[PDB]
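Written below as structure tokens is the structure these notes are about.
6 protein chains.
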Amino acid sequence: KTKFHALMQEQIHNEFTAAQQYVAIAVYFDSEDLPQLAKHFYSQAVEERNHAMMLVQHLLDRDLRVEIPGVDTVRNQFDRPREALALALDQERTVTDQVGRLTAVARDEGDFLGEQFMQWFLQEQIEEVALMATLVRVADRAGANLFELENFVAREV
Amino acid sequence: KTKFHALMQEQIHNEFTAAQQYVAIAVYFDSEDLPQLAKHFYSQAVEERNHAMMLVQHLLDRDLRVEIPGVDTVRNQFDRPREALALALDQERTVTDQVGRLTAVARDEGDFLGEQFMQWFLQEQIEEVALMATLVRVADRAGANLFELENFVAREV
Amino acid sequence: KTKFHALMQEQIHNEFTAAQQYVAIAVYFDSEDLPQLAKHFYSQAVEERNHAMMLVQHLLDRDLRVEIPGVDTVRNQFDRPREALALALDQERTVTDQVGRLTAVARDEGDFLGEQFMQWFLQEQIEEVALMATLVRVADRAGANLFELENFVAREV
Amino acid sequence: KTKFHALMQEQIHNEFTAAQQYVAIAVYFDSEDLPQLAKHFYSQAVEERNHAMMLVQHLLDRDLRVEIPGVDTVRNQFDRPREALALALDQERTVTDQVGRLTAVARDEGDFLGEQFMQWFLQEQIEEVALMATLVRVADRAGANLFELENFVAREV
Amino acid sequence: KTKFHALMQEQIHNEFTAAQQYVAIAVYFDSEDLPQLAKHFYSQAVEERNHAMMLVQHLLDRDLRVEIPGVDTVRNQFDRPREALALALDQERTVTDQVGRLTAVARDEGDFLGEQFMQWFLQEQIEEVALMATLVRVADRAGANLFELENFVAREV
Amino acid sequence: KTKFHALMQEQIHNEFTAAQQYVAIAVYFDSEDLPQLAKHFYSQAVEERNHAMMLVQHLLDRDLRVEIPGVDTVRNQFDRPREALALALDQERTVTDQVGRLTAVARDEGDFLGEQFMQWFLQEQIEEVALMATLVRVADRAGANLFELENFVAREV
Numbered sequence: 008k009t010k011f012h013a014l015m016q017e018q019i020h021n022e023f024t025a026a027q028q029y030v031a032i033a034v035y036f037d038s039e040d041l042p043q044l045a046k047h048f049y050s051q052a053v054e055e056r057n058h059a060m061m062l063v064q065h066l067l068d069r070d071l072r073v074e075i076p077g078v079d080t081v082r083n084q085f086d087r088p089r090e091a092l093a094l095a096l097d098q099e100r101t102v103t104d105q106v107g108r109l110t111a112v113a114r115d116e117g118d119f120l121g122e123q124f125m126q127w128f129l130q131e132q133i134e135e136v137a138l139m140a141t142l143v144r145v146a147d148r149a150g151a152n153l154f155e156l157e158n159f160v161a162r163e164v
Numbered sequence: 008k009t010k011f012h013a014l015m016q017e018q019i020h021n022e023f024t025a026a027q028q029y030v031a032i033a034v035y036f037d038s039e040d041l042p043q044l045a046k047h048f049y050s051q052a053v054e055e056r057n058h059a060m061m062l063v064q065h066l067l068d069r070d071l072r073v074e075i076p077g078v079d080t081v082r083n084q085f086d087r088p089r090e091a092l093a094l095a096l097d098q099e100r101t102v103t104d105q106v107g108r109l110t111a112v113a114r115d116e117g118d119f120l121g122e123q124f125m126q127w128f129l130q131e132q133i134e135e136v137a138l139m140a141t142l143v144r145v146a147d148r149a150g151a152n153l154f155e156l157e158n159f160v161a162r163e164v
Numbered sequence: 008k009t010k011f012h013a014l015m016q017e018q019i020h021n022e023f024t025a026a027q028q029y030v031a032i033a034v035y036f037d038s039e040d041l042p043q044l045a046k047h048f049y050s051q052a053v054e055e056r057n058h059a060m061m062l063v064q065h066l067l068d069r070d071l072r073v074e075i076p077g078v079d080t081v082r083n084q085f086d087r088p089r090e091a092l093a094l095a096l097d098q099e100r101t102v103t104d105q106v107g108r109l110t111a112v113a114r115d116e117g118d119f120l121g122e123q124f125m126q127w128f129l130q131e132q133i134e135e136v137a138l139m140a141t142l143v144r145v146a147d148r149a150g151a152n153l154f155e156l157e158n159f160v161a162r163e164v
Numbered sequence: 008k009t010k011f012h013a014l015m016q017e018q019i020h021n022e023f024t025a026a027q028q029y030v031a032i033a034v035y036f037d038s039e040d041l042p043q044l045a046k047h048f049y050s051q052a053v054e055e056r057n058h059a060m061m062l063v064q065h066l067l068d069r070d071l072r073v074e075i076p077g078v079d080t081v082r083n084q085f086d087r088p089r090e091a092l093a094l095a096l097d098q099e100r101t102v103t104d105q106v107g108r109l110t111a112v113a114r115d116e117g118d119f120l121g122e123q124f125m126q127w128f129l130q131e132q133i134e135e136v137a138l139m140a141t142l143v144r145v146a147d148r149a150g151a152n153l154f155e156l157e158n159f160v161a162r163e164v
Numbered sequence: 008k009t010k011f012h013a014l015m016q017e018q019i020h021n022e023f024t025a026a027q028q029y030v031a032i033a034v035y036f037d038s039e040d041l042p043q044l045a046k047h048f049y050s051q052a053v054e055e056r057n058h059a060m061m062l063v064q065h066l067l068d069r070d071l072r073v074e075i076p077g078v079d080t081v082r083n084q085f086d087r088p089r090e091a092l093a094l095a096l097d098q099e100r101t102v103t104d105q106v107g108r109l110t111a112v113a114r115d116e117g118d119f120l121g122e123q124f125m126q127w128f129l130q131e132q133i134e135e136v137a138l139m140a141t142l143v144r145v146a147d148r149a150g151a152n153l154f155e156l157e158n159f160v161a162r163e164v
Numbered sequence: 008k009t010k011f012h013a014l015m016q017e018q019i020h021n022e023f024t025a026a027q028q029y030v031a032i033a034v035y036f037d038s039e040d041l042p043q044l045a046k047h048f049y050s051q052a053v054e055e056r057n058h059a060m061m062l063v064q065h066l067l068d069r070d071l072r073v074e075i076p077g078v079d080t081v082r083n084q085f086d087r088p089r090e091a092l093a094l095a096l097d098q099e100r101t102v103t104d105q106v107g108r109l110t111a112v113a114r115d116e117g118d119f120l121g122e123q124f125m126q127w128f129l130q131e132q133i134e135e136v137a138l139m140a141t142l143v144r145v146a147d148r149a150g151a152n153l154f155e156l157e158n159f160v161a162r163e164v
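Residue numbers (the entry's author numbering), protein chains in the order written: chain E, 8 to 164; chain Q, 8 to 164; chain I, 8 to 164; chain J, 8 to 164; chain V, 8 to 164; chain U, 8 to 164.
Given below as structure tokens:
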């Protein structure tokens, strides 16, 4: 019940919430008749759920206490697609900060096991932020013409 | 806004919570060095998540407003395996009642579309409760010898 | 001769010894007619040997002097199987500490090459300890009924 | 910009130059009718070009400004093959220091993303230096009999 | 001494620079979220690198002195896609003039070997300029709607 | 506590040491950039380890007490390849004498089981000595030109 252990438990809660927020965004797009975007974020939700369970497994492997948490309410209302994509990007940037902080705390406590465990999550965040940003920029370029945004997703993503 | 619509939104929240509770149970078993049981409940959690998304799809298809909800805190501590199996059984029985009540409300409101949608969930609940009950009785017959409970799961489930 | 270099040479000695200790354990189990366990530790011995040789290779690649060492006498007498599994778990925990200390020394000496080299060994240790611990708990749950311990190894390991 | 960002831009310049130097070395060997070595360095040049573009991708992914640079003049005149090999080894050793320095700067600035990115490059440098050194020692053992050097490359590289 | 030999050496420098300019343009597109264009120019850079090495091989085959040169700084800043496409076209037109001038100089010096060698490069330039021009015209037609330019590249290039 | 039993226990110690000595020799070669030789001795080490285990198995099969022993320090320093090959040859000759002595002791004690068990080891020793001797003679014929020694190993071994 060290600081790294407390933070990993928090990180499990954050990823479960992140995942739920993706489902919400995916369902929004579905509603909006943007099947390509929906398909992507459904898939992204399952990915975040996987990250949550990688964290869970780390605590399991080390006999540290792990609790499956509840999930905070997530945002369902968006004025337009671009606002949902903006939320997603902000979320992955936020998760990136959290992973950085986890790394720093492990270093500080001489938890070399936890420190190396966080390394994979860092490369993943790089690529995930890169994609979420691209989508935001493409959505800006598309403006009201969401057909083009969807075409882009279909071919490039 | 109709009563069936309001109850379906609640059901989505209930299933997301049910699914989360199954993960908690699977993780428990995992930590208790009982892989067959953990494997089953991991699996069961994904199934409940699916039911949640069938409900979501139903509202999507009907242009009824749907919100991806948060998730209540779920139970992580269990004195023994048999207690977790008991919770699971109790949960599926409770979901069964909820599905019954949804059916009744639909009948009452002349929501013939919702009524028929619930029918598949009814058969599924029969078989799920039947299984959870069998696990409970088998756990009782096994007593402290969880090896036998695990052998049963491995061969019969 | 740098401190990281000297510690790596010690680590080579440690892993060759670790390996030899696993063989001893494997042979004990073989004697005891617990073939599943024996088969596991024979295999574990070969793995440790490989770790020793990954360390050797690191020194070869860097034109650092490397000596193939002798091996300390290892434990052959075990009252009970749980006793042998306990030794294995303690050994893997001790190796984990050694690898952490190597990491720290590298960081301290600005040996960035050695520091990153250790990272793989850290993740391996997490999984190896996790397994040794599981075997100890399962052995405890089996008590005098080693048949059940063997059955567990045969299906789950 | 930021120091890690500035050093990464420099590293892109360095790798593009390194690659160019390898081409020069390969062409030298080609001129000399030492095909096995030339084949190797042609290949090595493409690898360095790849490293340059991994660095470029890293800045792309992070929306950091990246410029494709020019390339410094490189060495074309070599008295003997030993001379070229030595240069390659020196270059590899130099690149290794540059990569270490990048890691250090990242650590210092709390750039955890850049720090983990550098780790792969560290392992690669170990193996590349190891090889370049082997070629230098083999060339020394061969002396004026370059046929033996070439036979070694053909079988072992 | 000879003038054709001096000009080929310059041409090696020019193609290495051309190639680097293409990488720069590809990276620009990449950062601009225009992958089809990026993908094309990455590919075009490798091609120009090949032309440089065809020239190098010509000198090798004739025992004329060849130096792998450095590379001039290349243009990285573009106001819009159409400006980069314009530069590419201008570049291939310029390379075409240089190849014509090489041909003329070979004729003038009775270098029949060099003269015939340049012939392949002439047909290649015809097709390369044709494509770069088409891309400029298509980009003009597309205006601000880069999606259409990208679609064109995807299907026709 | 019978002479054959006590000698077999010693032989296990000897073969574990022999094996470790071969690793040392292989690592020496590896460091010397003589991969064909190193490859052979790595392989020879694994073979000696197998002989050790065969003996252990024989003790196990007969319910005779067996201990996995430690290993004496082994030789790491050699002035030249030929010296390491000389050691190897002398070692296999020594192991041959040890195996002969084991046979003799078994005959003397009317241990017919152990006597026949040793027979396989005799034929293996013949072939292993023959090879080690050949390597020594070929190394002598090669003198300082180790390339030729390596060529011989590559084609004939």
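Just so you know, even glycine gets a beta-carbon here, dropped at the ideal spot from N, CA and C.
Those residues which DSSP pairs with residue i across a bridge
i, result
"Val78(Q)", "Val78(E)"
Under the three-state DSSP convention, the category residue i falls into
i, result
"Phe85(I)", "coil"
"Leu129(J)", "helix"
"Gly107(E)", "helix"
"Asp147(I)", "helix"
"residue 5(U)", "Residue 5(U) is absent from the structure shown; chain U starts at 8 and stops at 164."
"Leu71(V)", "coil"
"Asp118(E)", "coil"
"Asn158(I)", "helix"
Extent of the continuous alpha helix (DSSP H) run through residue i
i, result
"residue 165(J)", "Residue 165(J) lies beyond the stretch modelled for chain J, which goes from 8 to 164, so this question has no answer here."
"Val164(I)", "Careful: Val164(I) lies outside any alpha helix (DSSP H) and carries neither H nor E."
"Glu55(J)", "42-68"
Top-ranked residue by Cα proximity to residue i, from the options
i, options, result
"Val164(I)", "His58(I), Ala45(I), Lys10(I)", "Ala45(I)"
"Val145(Q)", "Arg89(Q), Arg72(Q), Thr101(Q), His47(Q)", "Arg89(Q)"
"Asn21(E)", "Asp37(E), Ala137(E), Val106(E)", "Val106(E)"
"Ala31(J)", "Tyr49(J), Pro42(J), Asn152(J)", "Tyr49(J)"
"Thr80(E)", "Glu54(E), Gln28(E), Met15(E), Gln16(E)", "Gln28(E)"
"residue 3(I)", "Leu153(I), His12(I), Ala25(I), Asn158(I)", "The first residue shown for chain I is 8 and the last is 164, placing residue 3(I) beyond what the model contains."
"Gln51(Q)", "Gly150(Q), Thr141(Q), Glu135(Q)", "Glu135(Q)"
"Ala161(I)", "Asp37(I), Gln18(I), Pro42(I)", "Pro42(I)"
"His47(I)", "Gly77(I), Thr9(I), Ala91(I), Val78(I)", "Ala91(I)"
"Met60(V)", "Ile75(V), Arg108(V), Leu71(V)", "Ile75(V)"
| said: By the 8 Å beta-carbon criterion, what residues does the region 119-148 of chain J contribute toward chain I? | reply: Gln126, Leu129, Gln130, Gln132, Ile133, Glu134, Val136, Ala137, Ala140
| task | Residues of the region 67-89 of chain V with a CB closer than 8 Å to any CB of chain J: list them in chain order, please. | result | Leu67, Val73, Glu74, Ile75, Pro76, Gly77, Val78, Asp79, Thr80, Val81, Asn83
| message | Residues of the region 26-38 of chain Q in Cβ contact with chain I at a cutoff of 9 Å, in chain order, please. | response | none
| said: Along the region 98-118 of chain E, where does the CB come closer than 7 Å to a CB of chain Q? Name the residues. | reply: none
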